[PDB]
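What follows is a set of notes on a single structure, which appears directly below.
Cβ placement follows ideal geometry from the backbone for every residue including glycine, while neighbour counts extend to all protein chains displayed. What follows is calculated from the coordinates using simple rules that are stated; it is not laboratory data.
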Amino acid sequence: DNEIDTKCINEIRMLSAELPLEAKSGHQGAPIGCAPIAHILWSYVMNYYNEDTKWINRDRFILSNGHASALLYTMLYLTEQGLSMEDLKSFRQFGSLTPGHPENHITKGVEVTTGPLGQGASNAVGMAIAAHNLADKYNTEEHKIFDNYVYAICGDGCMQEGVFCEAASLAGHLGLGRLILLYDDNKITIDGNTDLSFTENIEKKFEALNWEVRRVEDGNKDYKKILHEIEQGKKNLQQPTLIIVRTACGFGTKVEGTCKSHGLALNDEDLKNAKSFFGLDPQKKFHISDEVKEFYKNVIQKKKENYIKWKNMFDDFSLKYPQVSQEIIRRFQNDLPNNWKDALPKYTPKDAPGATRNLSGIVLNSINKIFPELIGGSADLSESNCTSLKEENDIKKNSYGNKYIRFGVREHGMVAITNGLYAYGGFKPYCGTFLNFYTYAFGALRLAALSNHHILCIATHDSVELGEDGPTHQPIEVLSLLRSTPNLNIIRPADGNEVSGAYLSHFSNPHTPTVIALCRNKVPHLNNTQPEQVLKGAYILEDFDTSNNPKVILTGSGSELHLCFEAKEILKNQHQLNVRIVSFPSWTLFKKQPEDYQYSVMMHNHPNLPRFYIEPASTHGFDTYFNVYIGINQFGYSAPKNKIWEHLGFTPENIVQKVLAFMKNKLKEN
Amino acid sequence: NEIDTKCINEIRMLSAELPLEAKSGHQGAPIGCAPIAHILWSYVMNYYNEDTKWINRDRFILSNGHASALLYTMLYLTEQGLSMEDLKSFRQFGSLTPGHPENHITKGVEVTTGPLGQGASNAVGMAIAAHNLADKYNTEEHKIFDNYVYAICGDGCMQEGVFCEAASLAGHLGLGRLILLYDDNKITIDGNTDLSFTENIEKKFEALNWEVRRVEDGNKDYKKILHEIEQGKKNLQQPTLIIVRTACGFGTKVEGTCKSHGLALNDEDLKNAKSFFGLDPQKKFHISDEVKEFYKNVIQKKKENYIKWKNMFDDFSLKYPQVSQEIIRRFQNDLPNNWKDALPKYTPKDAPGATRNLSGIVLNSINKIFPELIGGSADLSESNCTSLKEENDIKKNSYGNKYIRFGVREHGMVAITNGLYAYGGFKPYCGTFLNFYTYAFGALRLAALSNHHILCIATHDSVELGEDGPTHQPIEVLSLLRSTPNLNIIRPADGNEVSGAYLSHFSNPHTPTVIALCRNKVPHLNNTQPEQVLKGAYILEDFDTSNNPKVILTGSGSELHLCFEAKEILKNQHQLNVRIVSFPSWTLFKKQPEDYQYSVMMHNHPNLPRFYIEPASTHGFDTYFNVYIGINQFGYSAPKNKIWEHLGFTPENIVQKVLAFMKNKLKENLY
Ligand SMILES: Cc1ncc(C[n+]2csc(CCOP(=O)(O)OP(=O)(O)O)c2C)c(N)n1
Ligand SMILES: Cc1ncc(C[n+]2csc(CCOP(=O)(O)OP(=O)(O)O)c2C)c(N)n1
Ligand SMILES: [Mg+2]
Ligand SMILES: [Mg+2]
């Protein structure tokens, strides 16, 4: 043993613990407990380059137990990856680079946003898929361009969440040996001892999932064993490795091993006492000794030396294989393939009707041919979701350089893995399930929006239009949910041109996740639909004529917009009205537009103008743009689509009656 | 004998005919699981066909809900309220036989399934109830509650996180009254399970502290199915998983292919299958006299067992009348006498309190008079304020308690809470931070669809929670809940409204309630009233009789007190006539007559300033309001006061927005 390692570990414990104390808010116990793991990971195990936190061959790190953020920030400070001491002292303060739970959009060296338990460890499964795939796709005998590992720390909370139960099952099924998960086995959660609620035999469970399991019995002091088990885990490339590290929460302090150690239970005096216990100066606050600084300066230098060897190898590879090097650079710069928009199909009303889910499958297969970086799949609904890619193969154990993932019945794990694939870099991932079952996964979908992860969510069977599977499958509240979530696009295309526009919208908004809502049965290709105009959220398909007849606006989207065209025929020829038709594929994209544009389309500054909307979902929000509408403020039915639409008034005849009734009443009041 | 095989095969074939008639649905699992079903209803399960709400019945759950045609066939054969004409109306509008089972529609359907993983997780809650009631009420001579929970699930349920969570809790609590039969058929929709699902299930469930049993030939070895179920029942210290290997679509042309999952057998195919199984291929929707006679005898034997129980319960009720009356009251869903006396009352003279703490006071008050109150928090008992003083945890070998430590398992917690309600006899509650109910929305939405009367305590409801930051601060959740049918979301502003929110929950017994509660202290407000919370919005201070220009300020939760501070400025510095409206619940308000809604909000007046403040998405606000402060972005890791200052949650910013709206309206009207 060299005392410098123990000195580093103990100064990391106390600096980390000081951040919540300064903020009077946050968690000290796990940062103290996990300091040995962190010292080992950053000083000996992980390969990174402090001057380029986006190095394409870095080992990615994820703190799944995100409440331990003070530990991560201490490590990013010590390894000079972009945090100053003043940043550390700004822990949990407005606008700081050190929020109470790590956010990848705020802080360099933070790969994903954690805090909601189970997400980070599931994200890491997706990064391990990426690491295996790219090694298989690009490495040669002499050039190991991608040879990196995914390291994560988690606690008991992540081990209980279903999202990580799902992701861990897939990780074992796929044999992702590049994943190393260190579990802080400290017998503590917020309510108290884990014995209150959590007594699984974790080792036996993870062996049943096809993980390799290793153990460190004294994770507070045996940092050489932590290093040894990590190094041995890396040698087993056919199984993800779980390392169960036994620690004491708040080790060495007054609150050690009690559930109060979870949070902020060490004041100034308690930290002085802990510093004395650990052999440090109790009078120096926010202090790193010269010897520890010198140690981490040397760590940084050794990391850079390893980076320079890779860089020289990459330059040699790039001379020998220029077109492959060009592809790698393009993918990791998030640049899109040359002439990619030529892959988006175009249609006219003379083409045969098609379901928008099927039209989406045509687009997916078209762009798959020119996007080497496209990756994803369905949660056991590949045919119904139309996500299958012709002539591609499944990612499977010992065959990672493929594009299609069989997620199985794991919506939440799916989306978190999809998040991890995007966050790794170099990928444009997509996922699929029925729209109604994305709420199984909203924990991870909300994080895509907060994290700016550019993921594509194919969501078919978007309404009661799906028919006999019934109310447990028919969304009512989901469109409203998505429209109420910041930085998320929900697009509900009406026909083939608009499906192409929905994919165009996704790739034109590269910091925002997209959900494309798609219908089950065929709908007609409509007059004047335009892919580029989907980007504006709403646009006019047929404007007012030049007559002096009373004016009406009909608006719709998805599988009901064609009903507005049918209603227009009746209103025009049977009731002598002047009807505008507006397509409303995306509320979120529309809200981005200047108000002058929004009023030019919806004319919602006119109180007496009939402004109609139809949508098979909750009417929450409709009063913003509309003053007469048909929605669904109830659960659905197990019945054929036509019977549901008849019962709920999704017919041209009912649109007509609603508009006429609004107008007759308006005229009488006028 | 041959009768059991004949019963099984007629069940296979009648079940397979319902989707064919509807030209929609799933034939393979109903065929594959028919032997399990025959054994469960004919030999294992104790029920009473004339009372599907018998309090000591064995509850059954079909977790692989796409197999609904099988369940309906059994409810028909055991005469539990479905006719042949109902079976022929499978998946038709208004029928009692929807494509996935719905407890609100069909007698003998205990929970609503179809979303995978839910039913098996509900069954864990049902097993908690069965263990709890046995411990609470049984005596040496009177086994009032001695029943078991039976469930069938497929591969999909075994992959879903909600059931991974619930199964972990089931093993931790040692719920030996739970028996789960797993249809291990190597098939899901995409194809072979080896595409995505290769766990060693037996070893995994042993690690979760389940007992695991197996039936290697679940297509034909029905005696072994019966044997393993009966042995599973004898181990009361562990839930039992029975891994039943079947062939999806066994005996038919699609046997063992993923095409068998859905609708892949036509009229000719079913004739061929009937010949394979020794049945008359020319008779459709047919049960033979021999099979009808067999199930008539089953029903009579179940009734004999019920009469024995009823006689014992009558003897118990004479010896312990007060206890018997409590059991009856709980299972009737009736509330204790004078229960509303448990709801505290406050005035503006009382000291400020956080609404989460005030909720904790109400919970402990009603706990004293509600023996049927049960629940807990997902590892946030202190922060959610859900702890019950002087109550004990439910734990292995100690089930007659009221508090559940759910651990870090929000989705499993809500599904278990659903199961506790669906069992009968309970008023369950659960708790987590509001932002983490979207982890559990699969189950929460089903509470609404199923009419499960569950209470969801949801604290830390906004950016007001402060430094934990944007991963913890809801923006979209209030809107989601307001957009969900048959669900109440209530955000009480102070102590009186917290009592009103509990009043609202127990006054609306077929609707789940989410109560959104804040972290820090807020003042008790003028004229708040618990009974008025039932109307969703109501006037706290109404207009005076002056001719000064009118303004309405509306708020809820932790921001309503800001409207009082803004009113003081608008009245004293600007001479305006200001109404204050409390808006604790959009969902309760929407169910009021329009005339009431307009009398409160006055949203038929375009030029009247109608203000609202809420720390969440402005989606929906234009229904009642024309000027407002919301949050259409994610939050911040920062102290609450810093966030409110930055985003304009201040009395002075309310004043500026109202005055700017008014100045502009005057200018437009002068034109
Ligand atoms: C999904 C979710 N549910 C709940 C919380 C609240 N919470 C934060 S940490 C924690 C559990 C703490 O246990 P563990 O992960 O073992 O951490 P330790 O206290 O040992 O550091 C919980 C429930 C959360 N952050 N995310
Ligand atoms: C949460 C959820 N996701 C997806 C579906 C769609 N779905 C219905 S059945 C099924 C898989 C069928 O697998 P299994 O449970 O093994 O049933 P089997 O085909 O063997 O009868 C899926 C994905 C669903 N009903 N619920
Ligand atoms: Mg812990
Ligand atoms: Mg199966």
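Residues that are in contact with a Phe, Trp or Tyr (Cβ under 8 Å, 6 or more places away or on another chain), surrounded by 22 or more Cβ atoms within 10 Å (Cβ to Cβ) and of a type in the set (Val, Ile, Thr) were ranked within region B:241-258; the one that is farthest from B:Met13 (Cα to Cα) is B:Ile242. Residues that are more than 19 Å from A:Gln533 (Cα to Cα) number at least 2 in the following helices (runs of 4 or more DSSP H) confined to region A:555-634: A:561-575.
Mind listing whichever residues of region A:77-93 are outside any helix (DSSP H, G or I) and among the charged types (D, E, K, R)? Please lay out each step first, then the result.
Start the filter on region A:77-93 by keeping residues that are outside any helix (DSSP H, G or I), which leaves A:79-84, A:89-93.
Those that are outside any helix (DSSP H, G or I) and among the charged types (D, E, K, R): A:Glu80, A:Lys89, A:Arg92.
Could you list, in sequence order, all residues of region A:266-277 that are surrounded by 19 or more Cβ atoms within 10 Å (Cβ to Cβ) and part of a loop (DSSP other than H, G, I, E, B)? Across region A:266-277, the qualifying residue is only A:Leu266. Candidates A:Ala639, A:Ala617: the one that is over 21 Å from B:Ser483 (Cα atoms) and either surrounded by fewer than 17 Cβ atoms within 10 Å (Cβ to Cβ) or within 13 Å of chain B (Cβ to nearest Cβ) (or both) is A:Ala639.
Regarding region B:586-604, can at least one residue be identified that is of a type in the set (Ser, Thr, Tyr) and closer than 16 Å to B:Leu478 by Cα? Give the derivation first.
So in region B:586-604, the residues of a type in the set (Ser, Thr, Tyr) come out as B:587, B:596, B:598-599.
Remaining after also requiring closer than 16 Å to B:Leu478 by Cα: B:587.
So far as region B:586-604 goes, yes, one or more of its residues are of a type in the set (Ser, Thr, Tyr) and closer than 16 Å to B:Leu478 by Cα.
Selection of first residues in region A:146-169 that are over 24 Å from B:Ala167 (Cα atoms) and of second residues that are near ligand 1 (Cβ under 9 Å from one of its atoms) and assigned to a strand (DSSP E or B), restricted to Cβ pairs under 9 Å at least 6 apart or on distinct chains, gives the following pairs, ordered by first then second residue: A:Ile153/A:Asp184.
Considering region A:468-489, the residues that are in contact (Cβ under 8 Å) with a residue 60 or more places away in the chain and more than 7 Å from chain B (Cβ to nearest Cβ) include one that is nearest to the chain's Cα centre (by Cα), namely A:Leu488. Of the conditions (1) crowded, with 24+ Cβ neighbours inside 10 Å; (2) in contact with a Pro (Cβ under 8 Å, 6 or more places away or on another chain); (3) at positive phi, B:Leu446 fails just one. Which one is it? Every listed condition holds for B:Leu446 apart from (3). Quick check on region B:158-173. Is at least one of its residues within 14 Å of chain A (Cβ to nearest Cβ), crowded, with 23+ Cβ neighbours inside 10 Å, over 30 Å from B:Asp379 (Cβ atoms) and within 16 Å of ligand 2 (Cβ to nearest atom)? No, that holds for no residue.
Scanning region B:454-467 for residues that are surrounded by fewer than 24 Cβ atoms within 10 Å (Cβ to Cβ) and at the interface with chain A (Cβ under 7 Å from one of its Cβ atoms) gives no hits. The listed residues are A:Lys204, A:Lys225, A:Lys254, and the only one of them that is more than 11 Å from ligand 1 (Cβ to nearest atom), in a loop (DSSP other than H, G, I, E, B) and without any contact (Cβ under 8 Å) to a residue 24 or more places away in the chain turns out to be A:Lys254. Counting only helices (runs of 4 or more DSSP H) wholly contained in region A:1-40, the ones carrying 3 or more residues that are farther than 14 Å from A:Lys275 by Cβ and hydrophobic (A, V, I, L, M, F, W, C) occupy A:3-23, A:35-40.
Conditions (1) within 16 Å of ligand 2 (Cβ to nearest atom); (2) more than 7 Å from every other protein chain (Cβ to nearest Cβ), marked per residue:
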site	(1), (2)
B:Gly407	no, no
B:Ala415	yes, yes
B:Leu420	no, yes
B:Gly424	no, yes
B:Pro428	no, yes
B:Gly431	no, yes
B:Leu434	no, yes
B:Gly442	yes, no
B:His452	no, yes
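Is it fair to say B:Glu110 is more than 16 Å from ligand 4 (Cβ to nearest atom), farther than 22 Å from B:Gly419 by Cα and in a loop (DSSP other than H, G, I, E, B)? Give the derivation first.
On the way: more than 16 Å from ligand 4 (Cβ to nearest atom): yes; farther than 22 Å from B:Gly419 by Cα: no; in a loop (DSSP other than H, G, I, E, B): yes.
No; evaluated as a whole, the condition is false for this residue.
When you scan region A:137-153, do you find a residue that is away from every other protein chain (no Cβ under 14 Å), touching a strand residue (DSSP E or B) at 6+ places or on another chain (Cβ under 7 Å), more than 16 Å from ligand 3 (Cβ to nearest atom) and among the hydroxyl-bearing types (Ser, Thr, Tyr), even just one? Checked region A:137-153: at least one residue is away from every other protein chain (no Cβ under 14 Å), touching a strand residue (DSSP E or B) at 6+ places or on another chain (Cβ under 7 Å), more than 16 Å from ligand 3 (Cβ to nearest atom) and among the hydroxyl-bearing types (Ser, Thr, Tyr). Scanning region B:174-229 for residues that are small (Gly, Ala, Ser), within 28 Å of B:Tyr399 (Cα to Cα) and more than 7 Å from chain A (Cβ to nearest Cβ) gives B:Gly174, B:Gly176. Looking only at residues of region B:95-136 that are among the acidic types (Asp, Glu) and more than 9 Å from chain A (Cβ to nearest Cβ), we find that the one that is nearest to B:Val149 (Cα to Cα) is B:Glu110.
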